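Structure first, commentary second.
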Amino acid sequence: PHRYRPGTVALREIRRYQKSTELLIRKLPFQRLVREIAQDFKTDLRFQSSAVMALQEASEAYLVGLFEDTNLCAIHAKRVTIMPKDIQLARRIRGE
Amino acid sequence: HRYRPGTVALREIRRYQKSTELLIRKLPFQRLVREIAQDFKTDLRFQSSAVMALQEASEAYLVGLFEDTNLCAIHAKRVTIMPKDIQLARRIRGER
Amino acid sequence: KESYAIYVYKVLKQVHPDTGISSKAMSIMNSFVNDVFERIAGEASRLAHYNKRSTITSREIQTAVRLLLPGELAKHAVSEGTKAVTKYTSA
Amino acid sequence: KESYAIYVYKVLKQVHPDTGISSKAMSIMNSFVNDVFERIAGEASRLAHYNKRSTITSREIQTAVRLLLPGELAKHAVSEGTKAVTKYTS
Amino acid sequence: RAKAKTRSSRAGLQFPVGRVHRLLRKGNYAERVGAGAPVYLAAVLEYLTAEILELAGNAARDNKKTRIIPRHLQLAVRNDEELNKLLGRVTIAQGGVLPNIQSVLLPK
Amino acid sequence: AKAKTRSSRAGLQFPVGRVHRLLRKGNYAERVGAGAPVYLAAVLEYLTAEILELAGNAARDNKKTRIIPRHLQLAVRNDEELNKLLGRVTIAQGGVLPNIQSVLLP
Amino acid sequence: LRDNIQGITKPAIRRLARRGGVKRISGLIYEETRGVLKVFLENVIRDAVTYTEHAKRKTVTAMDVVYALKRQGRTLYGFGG
Amino acid sequence: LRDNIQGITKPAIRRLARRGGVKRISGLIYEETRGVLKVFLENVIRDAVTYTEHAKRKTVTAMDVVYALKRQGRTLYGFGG
DNA sequence: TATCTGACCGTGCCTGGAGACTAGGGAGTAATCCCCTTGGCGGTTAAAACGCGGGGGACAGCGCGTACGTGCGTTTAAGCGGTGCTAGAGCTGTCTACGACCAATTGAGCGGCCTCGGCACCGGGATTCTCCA
DNA sequence: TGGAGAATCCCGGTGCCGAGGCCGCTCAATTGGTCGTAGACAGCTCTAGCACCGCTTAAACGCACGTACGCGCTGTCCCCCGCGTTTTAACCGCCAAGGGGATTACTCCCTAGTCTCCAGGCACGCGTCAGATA
């Protein structure tokens, strides 16, 4: 059959997900994650839909910016693969 | 005689991490402040405590930046700090 | 609900006469105007409290704009602000 | 010029009797009290403006303490403030 | 009485001077508010709105779109250095990111 | 009648009246309640007590009976919550925590 | 509701890394990203619930999330302000 | 006044790096550190000059620098702040 | 251990906090009403999980060549003390103009309604574009 | 460098829903007058910032030498990407209670405002004890 070399589909995905503007996390698992986090703070608590969408947009923007910093940390160590030490270094430099 | 390369550096690290004194001479920093402020307002006066405040803030900022630079150098499997470590730390903080 | 929607539409029609705008972009522009208003008003309030003043003047807003906005934006914002104050006083 | 010097010295003699405090340390403590005051008052003012309220009460200060201060500090500060408010009312 | 002339019209502005004044007095910023301060603030707000909207319209023209979506606003903000410095801690909802693949990621 | 301070009613050392005045002229709200200066004075007194406790411990660890700014810096950066509250704060004549990474040591 | 951090699946983290420009992802990234997301969501949701409970409400509105995000310097345009 | 950035000497930058924990320093660190210091001082000094020219003063006070550093999230204690 | 030099409790003026009374308006409480959150049921189909091959890159080892570290002698200007001078920070006094406030007027913006064109979607076809020989 | 398959862009047709315009109106901005005080301006006092000189002394600078270290190269194996297949649970449509956000009214208690007064807090002089150097 026909196989692409590893890296072509990855760069194609980078191009098509930086050209796009949609949300990359499924809505219902994020909603259940938000509800199970919020139930440890206050029980019998409802949620507007716009609140969950705002949380999803903020979370996606935060994770994308963190992965940009993680990628630059990985390039700094003469690598292409990102590792948990890259995320830990990025969060330590930001102050998280 | 001659010591091994590194133990005098570690002694200097232990010496300067327990002191609180300012590591930059007062007169060159004062002249640098008057040189920078000449580009904004001609014939401007400075209190002494303003220059000491600038010196304390600048020394604390450079020390924190060199801490993050050292973590960037350690992450790249090195002990020597290089300008790319400073650039990476300043990008992850968001100053570049 | 009070929003800056019609004024943003007027400014857009002054700038781009044949370009429209959606509702989400309007919500973003309304939030941008509210955020910049809050930043400049807070800085001007802090400036008035620092120099023992009970009044926010155009001088306070001018140095708050000059503190907040970066160089070219600060210079141009001072330019149309001083032009508007001059035209308001003269007429 | 007003300062919190005598109150910080009173708290220090309340908890560390054989321990003085330098002038620069007192200036740092005065700046710390002013900074925490400005933070809690600004957060309470924002809380009052969000809820369309024209007053700052003990509820706004308690919510500002919960928002700004980290966990155990927030719990102990809320306990101390509630004790002081109930002792003031009683 | 005379003809009721708007404060925005006599300063040559589209942004409301009266609404800016009424939000300044009710925002608990100072005990008094000057007369020229809402004029000056409305002029600054109108300038910044026009600066964002010009570049957003240019981005919409580059994508052959008559309307402005949040992607065009994000492109307008992040493609300009001063607007990126002003809005560096601001997340535009449904705005995406700039296209940026690093040079070492591309094949030789 | 006899004048009793509002700090003595609340059982505090920080001034309730000065905090109430600074809340009134600080332009935070149009009205300021009675319990808010008592609450904020109690919170400020507690945080002052925590910082001075840890600073006195740091001074006693160096066999010194006077608190200098270095002891306040050690007190702040040695406690996690106070470092979280004072993370963007520079303390003058404070220095840094003594920390050397493991890879630097031979 | 238990164990919903597995709902943030591995292709979702892969897509979020593609948007950030990550060509190659190791297999230990996903647990760390789930923990980072849980920390961030806990920090935002705690302030949102505090803003809600000050208002004596039982629903978390969008403006509570916007004020929570503005509390730690992550201002979000597009949902109100 | 000219060429005053050279007063931040190589031993001074070395002492700052020793306080920061750095064991070994390149030869090109010093120019980069001087540039970073110049950018930081330009920002803080420009804000302080704006603060001291709003008050119609020709003397930069310590509180001007304190307010300027508090604006950029670099609050400095021990100077009346 | 011996000694030293400033950098740390009592007294007098004064101003702002406290006690007391009055007014008035903000907010708490009761009732109610319509939006909208939550829960459920069913189809469907898109995406996630799983499995497997293979290739390329992470990581360890190793040689080399050079660039910092360390040390020592020489230069140089930071730092302390002292003197002199004058800008200007800061306080006080007077007055005046300007902003808060209130009542009457009015038109600008806002909610509701309606309609049509800008754009998302689908498909045939050209045009790269990646990979293999 | 030539060619097969796959992806990507372009253009033509469809329809749909949200953006743009119109209308009544209502409430918030505008206009006119009053009044009290915030700050603008002039003046003066005295702090404290600037300039200069001598010196002595710690710190900086230049240079020599050597070793730790950065960096390029090589090999290998293991881990992740690409792709095909199966499962599963997300997504959409449609009801249906019903709890809770929003609105209105009212009535009352809490807090601003002001007069008075006096005692706590601030400046200052005197007594002297804690880190620092030897």
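Note that these values count all heavy atoms, side chains included, but never hydrogens, waters or copies made by symmetry. Numbered from 1 within each chain, the chains take letters A, B, ... in sequence-line order.
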Practice problem: Sequence neighbours left out, what pairs pass salt bridge (charged side-chain N to carboxylate O under 4.0 Å, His left out) with at least one residue falling in residues 6-17 of chain G? | Solution: none

Self-check item: C:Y50 atom OH, neighbour heavy-atom count above 12 within 6.0 Å
Solution: yes

Quiz item: Would you say J:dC81 has OP1 or OP2 under 4.0 Å from some side-chain N or O of G:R14?
Solution: yes

Practice problem: Is it possible for you to check whether F:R18 lies under 6.0 Å from the centre of the six-membered ring of D:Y7, through NZ or CZ, and within 45° of that ring's axis? | Solution: no

Quiz item: Between A:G7 and E:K3, which has a closest nucleotide on DNA chain J that is more 5'?
Solution: E:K3

Quiz item: Do side-chain atoms of A:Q56 reach the backbone of A:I25 as a donor and acceptor pair under 3.5 angstrom?
Solution: yes

Exercise. Could you check if a side-chain atom of H:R18 sits within less than 4.5 angstrom of a side-chain atom of H:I25, using non-hydrogen atoms only?
Key: yes

Self-check item: Close side-chain approach of E:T66 to C:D18, heavy-atom, < 4.5 Å
Solution: no

Self-check item: Rounded interatomic separation in angstrom, taking CG from H:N4 and P from I:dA77
Solution: 12 Å

Exercise. Would you indicate what D:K24 reaches in the nucleic acid, counting non-hydrogen atoms under 4.0 angstrom: base, sugar-phosphate, or nothing?
Key: nothing

Quiz item: So does C:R53 get a side-chain nitrogen or oxygen closer than 4.0 Å to the phosphate oxygens (OP1/OP2) of J:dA38?
Solution: no

Exercise. Sticking with atom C1', work out how far J:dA105 lies from J:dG32, rounded to a whole angstrom.
Key: 36 Å

Quiz item: Taking atom P in both I:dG81 and J:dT133, what distance in whole Å separates the two?
Solution: 15 Å

Quiz item: How about C:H49 and F:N27: does a side-chain donor come under 3.5 Å of a side-chain acceptor?
Solution: no

Quiz item: Does A:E22 CD have over 12 foreign heavy atoms under 6.0 Å away?
Solution: no

Quiz item: Paired with J:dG127 by Watson-Crick or G-U wobble geometry, both distances under 3.5 Å: which nucleotide is it?
Solution: none

Quiz item: Expressed as a whole number of Å, how far does the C1' atom of I:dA46 sit from that of I:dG125?
Solution: 28 Å

Practice problem: Would you indicate whether the side-chain heavy atoms of C:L47 and H:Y51 approach each other to under 4.5 Å? | Solution: yes

Quiz prompt | Distance, P atom - from I:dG84 to I:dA7, rounded to whole angstrom | solution = 26 Å

Practice problem: Would you indicate which nucleotide in J:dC71, I:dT130, I:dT70 comes nearest to any side-chain atom of A:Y4? | Solution: I:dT130

Quiz prompt | Least distance between heavy atoms, C:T55 atom then E:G34 atom | solution = CG2-N, 4.0 Å

Exercise. Could you tell me whether C:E2 and E:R22 have a side-chain N and a carboxylate O separated by less than 4.0 Å?
Key: no

Self-check item: Donor + acceptor pair across side chains of B:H75, B:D85 (<3.5 Å)
Solution: no

Practice problem: Count the heavy atoms of every other residue, nucleotide or ligand shown that sit under 6.0 Å from CD of F:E30, and state whether that count exceeds 12. | Solution: no

Quiz item: Just checking D:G20: base, sugar-phosphate only, or nothing, at a heavy-atom cut-off of under 4.0 Å?
Solution: nothing

Quiz item: The side chain of A:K19 lies closest to which of these nucleotides: J:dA7, I:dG71, J:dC9?
Solution: J:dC9

Practice problem: Any chance you could list the contact pattern along nucleotides 120-134 of chain J? Use B for base contacts, S for sugar-phosphate-only contacts and - for none, protein heavy atoms under 4.0 Å, 5' to 3'. | Solution: -SSS------SSS--

Quiz item: Should we count NZ of E:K5 as having more than 12 external heavy atoms under 6.0 Å?
Solution: yes

Practice problem: Remember a base hit wins even if backbone is also touched, and classify A:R32 as base, sugar-phosphate or nothing at under 4.0 Å, heavy atoms. | Solution: sugar-phosphate

Quiz item: If each of A:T81 and F:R6 is mapped to the nucleotide of DNA chain I with the nearest heavy atom, which maps nearer the 5' terminus, i.e. the 5' end?
Solution: F:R6

So which protein nitrogen or oxygen atoms get under 3.5 Å of nucleotides 97-105 of chain J's nitrogens or oxygens?
| from | atom 1 | to | atom 2 | distance (Å) |
| --- | --- | --- | --- | --- |
| J:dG100 | OP1 | G:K58 | NZ | 3.4 |
| J:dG101 | OP1 | G:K58 | N | 2.6 |
| J:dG101 | OP1 | G:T59 | N | 3.0 |
| J:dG101 | OP1 | G:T59 | OG1 | 3.4 |

Quiz prompt | Heavy atoms from other residues, nucleotides or ligands near NZ of D:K24 exceed 12 (cutoff 6.0 Å) | solution = no

Quiz item: Just checking D:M26: base, sugar-phosphate only, or nothing, at a heavy-atom cut-off of under 4.0 Å?
Solution: nothing

Self-check item: Nucleotide-resolved protein contact map, nucleotides 96-106 of chain I, B/S/- at heavy-atom distance under 4.0 Å
Solution: ---SS---BB-

Quiz prompt | Heavy-atom protein contacts under 4.0 Å, nucleotides 21-26 of chain J, coded B base, S sugar-phosphate only, - none | solution = S-----

Exercise. Measure from the side-chain heavy atoms of E:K5 and tell me the nearest of J:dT31, J:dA40, I:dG28.
Key: J:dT31

Exercise. Heavy atoms under 4.0 Å is the rule here; annotate nucleotides 60-68 of chain J 5' to 3' with B where the base is hit, S where only the sugar-phosphate is, and - elsewhere.
Key: SS--BB--S

Practice problem: Kindly check the sign of the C1'-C2'-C3'-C4' torsion at I:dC8 and name the resulting pucker, north or south. | Solution: north

Self-check item: Nearest-angstrom distance from the residue atom CD of A:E13 to P of I:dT130
Solution: 15 Å

Self-check item: Least distance between heavy atoms, E:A60 atom then E:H72 atom
Solution: CB-ND1, 3.7 Å

Quiz item: Is a donor on one side and an acceptor on the other found under 3.5 Å between the side chain of A:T21 and the backbone of E:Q94?
Solution: yes

Quiz item: If you look at every strand shown and take non-hydrogen atoms under 4.0 Å, does E:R10 touch a base, only sugar-phosphate, or nothing?
Solution: sugar-phosphate

Quiz item: Hey, is the side chain of D:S54 poking within less than 4.0 Å of OP1 or OP2 on I:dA27, counting only N and O atoms?
Solution: yes

Quiz prompt | Polar side chain donor-acceptor pair, C:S3 to C:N30, under 3.5 angstrom | solution = no

